[PDB]
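In: no sequence for this one, just the structure:
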Ligand SMILES: [Cl-]
Ligand SMILES: [Cl-]
């Protein structure tokens, strides 16, 4: 229960929620893309490797999204997925439309 509540709070309190780990190039790329849309004020990045319950967090992220790998990316509680998913949404215009609907970009 405790791990799930903790993960939920991160996703609920932050419009943009990224679960990451230490020295993870696709985490860094995803976060940089997101920071490039000036989202920092509504972004939270959680390093789940520096955590005693990493495996439990990963298992719950898999229950929520289908994958246990990081990065895992949520926007307004909606599952974006990983960095590749973000790149697809970014290149095809879905990401900006997401952010426009949230008032995060003009
Ligand atoms: Cl996914
Ligand atoms: Cl994926």
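Out: Ah, there it is. Numbers count the residues shown, from 1 in each chain. Ligands and ions are numbered 1, 2, ... in the order given.
In: please make it C-alpha for all contacts and neighbour counts, starting now.
Out: OK.
In: end to end, how far does stretch 5-21 reach?
Out: End-to-end span of stretch 5-21 (C-alpha to C-alpha, to the nearest Å): 20 Å.
In: buried by neighbour count: which residues of that stretch qualify?
Out: Using 16 or more other C-alpha atoms under 10 Å as the test for burial, stretch 5-21 gives 7, 10-11, 14-21.
In: what is the distance between it and the centre of its chain?
Out: 7 Å (C-alpha atoms, centre = their mean, to the nearest Å).
In: again, but for stretch 24-34
Out: Between the centre of stretch 24-34 and the centre of its chain there are 10 Å (C-alpha atoms, centre = their mean).
In: what do you get for stretch 91-106?
Out: Distance of stretch 91-106 from the chain centroid (C-alpha atoms, centre = their mean) equals 15 Å.
In: hmm, who's touching that stretch?
Out: If you take C-alpha atoms under 8 Å, 6 or more residues apart in numbering as the criterion, stretch 91-106 is touched by 37, 39, 86, 89-90.
In: do the same with stretch 56-70
Out: With C-alpha under 8 Å, 6+ apart as the criterion, stretch 56-70 contacts 3-4, 7, 19-21, 27, 48, 72, 79, 81-82.
In: TSV for these, including secondary structure?
Out: Shown next, in TSV, are the contacts of stretch 56-70 (DSSP: H, G, I helix; E, B strand; the rest coil):
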residue	secondary structure
3	helix
4	helix
7	helix
19	strand
20	strand
21	coil
27	helix
48	coil
72	strand
79	strand
81	strand
82	coil
